[PDB]
Every structure is written in C-alpha cells, then in structure tokens.
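Notes follow the structure.
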Amino acid sequence: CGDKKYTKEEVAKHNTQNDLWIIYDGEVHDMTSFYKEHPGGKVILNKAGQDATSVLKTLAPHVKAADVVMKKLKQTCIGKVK
Ligand code: HEM
C-alpha cells in the first residue's frame with residue numbers, strides 16, 4: 001500500500017467511473033481502471049469513495065471469485081486511511 005495517508009473525506013471525492021476509489025480494510029484502492037471490467041457492472045459505484053470491505057468479503061459473487069477480488073485489490077492499493 002505504501003506510505004500515502006488519506007482521510008475518509010478525501011477518499012469520498014473519488015466517486016465516479018473515471019475517478020473511482022474504494023476503502024478495504026483501512027486501505028485506499030484506486031479502482032478507476034477496473035470499472036469497465038467489473039463483472040457486477042456499474043453497481044461498483046454504489047460504494048465509490050466509500051468503504052466496501054463487507055461487500056468485498058461477503059457478497060456471494062465476491063466470495064465465489066475471492067481469488068480475482070483479492071488479486072485486483074493487491075494491484076490497486078495507493079495508501080491507507082488516517
Ligand atoms: C476488488 C474489486 C471489486 C470491487 C471494488 C467491487 C465492488 C462492488 C460493489 C461496490 C458492488 C455493489 C454492491 C451493492 O450495491 O450491494 C458490487 C457488485 C457485484 N460485483 Fe463486484 N467488485 C469487485 C470485484 C468483482 C469481481 C472480481 C467479480 C466477479 C465475480 C464481481 C462481481 C459482482 C457482482 C456479480 C455484483 C452484483 C451486481 C448486481 O447486483 O447486479 N465483483 N461489486
């Protein structure tokens with residue numbers, strides 16, 4: 001994830017398909033490039049700029065494809081929440 005720190009407020013500003021961040025386990029992830037390939041479609045924006053930990057750990061599809069979900073998270077961490 002690195003050393004960059006972000007406040008929840010700043011992360012919230014990245015809530016669009018061309019500027020999409022999400023928080024996972026206190027980590028800030030830039031998912032902008034993933035928008036188009038998200039198997040769930042546009043609904044990924046429902047948590048854009050917000051915490052998606054529970055969703056990513058418990059939603060049926062996310063569990064079935066946990067390998068893909070974690071791989072994508074591990075390619076997108078830009079910092080942590082402070
Ligand atoms: C780490 C990357 C991902 C993020 C941040 C993400 C995020 C989300 C969010 C925020 C939602 C909407 C939740 C709600 O409103 O209740 C969602 C739905 C969904 N996601 Fe993902 N997702 C990711 C990866 C994946 C992968 C790899 C799959 C493939 C199996 C997937 C399949 C789905 C499906 C099937 C839905 C439901 C769509 C619907 O209800 O119409 N997601 N995802």
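Identifiers in the structure tokens: chain A, B, ... in order shown; residue index from 1 per chain; ligand index from 1 in order shown.
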
Collect all residues with atoms no farther than 10 Å from ligand 1, counting only C-alpha atoms and all ligand atoms, and output them as an NGL selection string.
:A and (20-24 or 29-32 or 34-35 or 37-57 or 59-76)

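Shortest atom-to-atom contact with residue A:81 among A:18, A:58, A:1, A:27: A:27, counting only C-alpha atoms.
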
- From the set A:80, A:2, A:13, A:7, which residue has the shortest atom-to-atom contact distance to residue A:26, counting only C-alpha atoms?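 Looking only at the distances to residue A:26, the closest residue turns out to be A:80.
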
* Asked: chain A: which residues are alpha helix (DSSP H) by DSSP, as an NGL selection string?
  -> :A and (8-12 or 53-58 or 60-64 or 66-74)

Exercise for review: Identify all residues of chain A in strand (DSSP E or B) (DSSP on the backbone) and supply them as a list in words.
Suggested key: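 Written out, the strand (DSSP E or B) residues of chain A are residues 5, 6, 15, 16, 19, 20, 21, 22, 23, 24, 27, 28, 29, 30, 51, 77, 78, 79, 80 and 81 of chain A.
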
Could you save those same residues with N, CA, C and O atoms as a short mmCIF file (atom, residue, chain, number, x, y, z; two decimals), in the first residue's frame?
```cif
data_model
loop_
_atom_site.label_atom_id
_atom_site.label_comp_id
_atom_site.auth_asym_id
_atom_site.auth_seq_id
_atom_site.Cartn_x
_atom_site.Cartn_y
_atom_site.Cartn_z
N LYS A 5 -1.15 8.65 3.12
CA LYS A 5 -2.29 8.62 4.03
C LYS A 5 -3.40 9.52 3.51
O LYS A 5 -3.14 10.61 3.00
N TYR A 6 -4.64 9.05 3.65
CA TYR A 6 -5.82 9.79 3.20
C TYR A 6 -6.89 9.81 4.28
O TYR A 6 -7.01 8.87 5.06
N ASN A 15 -15.67 9.34 -6.45
CA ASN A 15 -16.85 8.51 -6.60
C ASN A 15 -17.47 8.43 -7.99
O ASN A 15 -18.68 8.30 -8.12
N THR A 16 -16.65 8.51 -9.04
CA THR A 16 -17.18 8.42 -10.40
C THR A 16 -16.45 7.34 -11.18
O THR A 16 -15.40 6.87 -10.77
N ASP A 19 -12.90 8.24 -11.85
CA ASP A 19 -12.15 8.62 -10.66
C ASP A 19 -12.81 7.82 -9.55
O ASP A 19 -13.59 8.36 -8.76
N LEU A 20 -12.47 6.54 -9.48
CA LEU A 20 -13.10 5.63 -8.53
C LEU A 20 -12.18 4.96 -7.52
O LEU A 20 -11.39 4.08 -7.86
N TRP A 21 -12.30 5.37 -6.26
CA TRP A 21 -11.50 4.77 -5.19
C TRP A 21 -12.46 4.08 -4.24
O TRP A 21 -13.65 4.41 -4.18
N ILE A 22 -11.95 3.10 -3.50
CA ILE A 22 -12.75 2.41 -2.51
C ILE A 22 -11.84 2.11 -1.33
O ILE A 22 -10.60 2.13 -1.46
N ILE A 23 -12.43 1.90 -0.17
CA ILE A 23 -11.66 1.58 1.02
C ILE A 23 -11.90 0.11 1.37
O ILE A 23 -13.04 -0.36 1.36
N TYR A 24 -10.82 -0.60 1.64
CA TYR A 24 -10.89 -2.01 2.00
C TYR A 24 -9.95 -2.27 3.16
O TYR A 24 -8.74 -2.13 3.03
N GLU A 27 -7.53 0.32 3.81
CA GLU A 27 -6.65 0.61 2.67
C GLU A 27 -7.41 1.41 1.61
O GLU A 27 -8.60 1.22 1.43
N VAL A 28 -6.70 2.29 0.92
CA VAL A 28 -7.33 3.06 -0.15
C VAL A 28 -6.90 2.44 -1.47
O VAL A 28 -5.71 2.31 -1.74
N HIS A 29 -7.88 2.06 -2.29
CA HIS A 29 -7.61 1.44 -3.58
C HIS A 29 -8.18 2.23 -4.75
O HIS A 29 -9.33 2.66 -4.72
N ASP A 30 -7.36 2.43 -5.79
CA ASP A 30 -7.83 3.15 -6.97
C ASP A 30 -8.33 2.11 -7.97
O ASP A 30 -7.53 1.42 -8.61
N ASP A 51 -16.32 2.79 1.96
CA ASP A 51 -15.81 1.53 2.46
C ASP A 51 -16.59 0.36 1.86
O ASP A 51 -17.82 0.29 1.98
N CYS A 77 -3.68 -0.86 -4.36
CA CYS A 77 -3.55 -0.05 -3.15
C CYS A 77 -2.65 1.16 -3.32
O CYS A 77 -1.47 1.02 -3.65
N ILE A 78 -3.19 2.35 -3.08
CA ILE A 78 -2.40 3.57 -3.21
C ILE A 78 -2.08 4.22 -1.87
O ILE A 78 -1.29 5.15 -1.80
N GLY A 79 -2.69 3.72 -0.80
CA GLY A 79 -2.43 4.30 0.51
C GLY A 79 -3.32 3.74 1.59
O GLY A 79 -3.96 2.70 1.40
N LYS A 80 -3.37 4.42 2.72
CA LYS A 80 -4.18 3.98 3.84
C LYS A 80 -4.97 5.12 4.45
O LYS A 80 -4.59 6.29 4.34
N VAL A 81 -6.07 4.77 5.11
CA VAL A 81 -6.93 5.75 5.76
C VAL A 81 -6.33 6.21 7.08
O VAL A 81 -5.80 5.39 7.84
#
```
